[PDB]
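By letter and in written order, the chains are A, B, C, D and E; residue numbering begins at 1 in each of them.
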Amino acid sequence: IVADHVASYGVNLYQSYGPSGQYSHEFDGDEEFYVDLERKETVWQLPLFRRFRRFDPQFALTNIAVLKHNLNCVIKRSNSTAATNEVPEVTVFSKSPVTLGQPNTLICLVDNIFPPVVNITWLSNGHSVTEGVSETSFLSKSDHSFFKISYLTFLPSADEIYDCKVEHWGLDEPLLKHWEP
Amino acid sequence: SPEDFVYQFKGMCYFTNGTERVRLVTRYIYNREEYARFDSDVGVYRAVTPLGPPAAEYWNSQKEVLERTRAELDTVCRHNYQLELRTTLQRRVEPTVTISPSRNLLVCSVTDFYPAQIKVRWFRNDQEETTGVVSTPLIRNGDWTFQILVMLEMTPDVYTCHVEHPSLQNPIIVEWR
Amino acid sequence: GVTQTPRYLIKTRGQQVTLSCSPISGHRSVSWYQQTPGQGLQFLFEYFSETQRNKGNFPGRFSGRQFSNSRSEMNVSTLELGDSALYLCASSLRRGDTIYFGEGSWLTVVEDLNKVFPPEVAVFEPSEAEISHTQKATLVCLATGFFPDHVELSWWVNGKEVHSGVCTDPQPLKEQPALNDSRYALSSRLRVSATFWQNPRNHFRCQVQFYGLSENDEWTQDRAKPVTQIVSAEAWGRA
Amino acid sequence: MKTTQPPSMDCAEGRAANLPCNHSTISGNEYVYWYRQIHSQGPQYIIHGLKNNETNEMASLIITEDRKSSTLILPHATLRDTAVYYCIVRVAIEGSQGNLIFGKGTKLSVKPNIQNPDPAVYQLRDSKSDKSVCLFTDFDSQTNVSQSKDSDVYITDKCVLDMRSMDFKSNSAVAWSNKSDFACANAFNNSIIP
Amino acid sequence: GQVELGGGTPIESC
């Protein structure tokens, strides 16, 4: 398929593990919003979207409930064919050229994720970091796999060591990807 | 590893030349196997794998389900695109261009720009550098900004990095020296 | 079609009421509406996959549930006099498709059970002036002094219910328009040919089905308990 | 609501009823729905559409090119088509996404065609026992039967019965009172032959 | 506030 702009007005995801679900809209590969299925709230990912765009989270909850039904049927129809664990590839880089003292952001891209059950954390000098760690939703791909991006806002210093730990069922061990300056 | 059963429903819209060519494709995916899809160019549900004959034949029989999915070309694809014209298609983030010696290799770090259309050229002394210039594919930061790094093998002269972008009527010209 | 039970209910202030609804076979989305003469037809809540979706602006007293068979059950707690209404249930194949309504459940909240009265039915024979001037004979039925408005009037001629030439008032008339729980009055007309009325073998009976109290209600009054009953008035033809 | 309708609308039997409806604030993701309710029964689904013109076995829907107004066309109006017609826009609004919020609607009165209107007021005697009612019948469908001034006097509204055995239709109203001074001549005295 | 909609999903046979 060829097009100038591709829009995913309905990236509906539901998996038996959890069970967890996800509803989100994407345009040109960027997540417009996701719907927090637990709080029934639409979370737009740009300030311009929050002031001009609106979406009812009840439409998302209804589709996911249909996905829960549809999943139970294709499980029975496919003789309970479980998913295949893929090997995710991890890339770490900065958003802007790092300047000491100027706050930047580290970007941990975890690509080729399937099933959408990944556990991504940051480490500073070997210590787990639980501050400034943001995370995107599972962003769809054309081959029906997913990729997730984790962020880490930091302050550049001389003795800084940052690694992105990624834990997935397709990996034999937790994958540590060090960030080379 | 625990077993997992994944289900995906992708309601995808395709646009070309503004609103002249609009296409709707709703994909139904078990794990990573798309078994049924509805193509607005076709107009009816069709099974992609032998896992969706029961679904495609049944959804095509429900008259209102088929007609509403057909009407989603106007209620979803065409309607939401008008809101994109007010917001997404007007987003213009100017790129930040920085030249810095690598740690000889000069890099031209073009970061935080939108949309994806960009052009970067290296110039050694008003003569364009073809060989020795190594670029990266466009990088999606995930926060509606893109990034690209164009390196140049050099040996010292005023090296110049030119950048073009829709947000810029004037191309950004940065000299290293 | 959508089915709703019960069809008529009489409750007092403070009680609770459960309203059942079986949706159309295959439908999984159910919506509840309340129809009053005052505020019109108002939306309550909608249910799909055993969970509530869109919700109206009603207090927490108005709750509901949805079962696995897509059946729904609406509940109202601490009944007020303003809660008396027709509660309609609608179903759709899925949330977002065309909703199809049932017949509804008529709820009447009364101050006390003593305000429930059965109807008195009267049949008025046609006038000779109408018989001689138009060769037609109009019979008028009169059901008076009943409360609430849970009544079904029907005409029966020679044992069979008739519908040709029958006209019943679409809305009853309050005998005391100032009182809140005023008793009602209802009129109906059956017009037949003058010869059919002049046949002494033709039997004309006006039947009014009244829905009132059940056995779950106590009656401490001296008058007869106004239970669900059929009050009839009959008249024979005459030449 | 987003819809505005004429509160009442009359129509002659056999003619075509064109029920208008305005909805200039409709959006591209919202459908137009039409429902009707006969008496105090359940609302009956008529038709629905988006921008094209729809037609089912019941009626036809005509939506303007700019989608700012519509019309429900009932071609063959029967006396069974006398009902309240609700033009509803199924909105795409937060908190009410996909809800059908009913408005005041349009009261469509299908006036029957009385061929030979010979109006008269008759007095009927009770079949058992001192009781009697007055019957105003066989009047044209363009006449109004007003309520009573005396609260001790009760006057019903117009009622159209259909004698299918002769294809004969006739309007009728009833009046009664306990005050034995109730002459049927001065019963419907608020109804003057125009 | 007016909201945009996504693609509607149908219920399988089961």
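The rule is short, and it goes like this: a residue touches a chain if its C-beta (ideal position, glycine included) is under 8 Å from a C-beta of that chain, and two chains touch if they have at least 3 such contacts.
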| item | value |
| --- | --- |
| Best-connected chain pair, where connection means C-beta pairs in contact | A-B |
| Mean-CA-position distance for chain D and chain A (Å) | 58 |
| Geometric centre distance via CA averages, chain C-chain A, whole Å | 57 |
| Chain C and chain E, separation of their C-alpha mean positions in angstrom | 37 |
| Per-residue multi-chain contacts in chain A, two or more chains | 9-10, 12, 53-56, 58-59, 63, 66-67, 69-70, 74 |
| Shared interface positions of chain D, touching two or more other chains | 27, 29, 92-95, 97-98 |
| Junction residues of chain B, two or more chains touched | 9, 11, 26, 54, 62, 65, 68, 75-76, 79-80, 83 |
| Pairwise touch network: line, ring, star, complete, or other | complete |
| Which pairs of chains touch, using the document's own definition | A-B, A-C, A-D, A-E, B-C, B-D, B-E, C-D, C-E, D-E |
| Sites on chain D touched by chain E in the complex | 27, 29, 92-94, 97 |
| Contact set on chain E toward chain A in their complex | 1-14 |
| Residue numbers on chain E that touch chain C, as the complex places them | 8, 10-11 |
| Residue ranges of chain C in contact with chain D within the complex | 2, 33, 35, 40-41, 43, 46, 54-55, 86, 88, 90, 95-96, 98-104, 122-127, 129-130, 133-134, 136, 138-140, 142, 164-171, 173, 175-177, 185, 187, 189-193, 233-235 |
| Residues of chain B that touch chain C when the two form their complex | 62, 64-65, 68 |
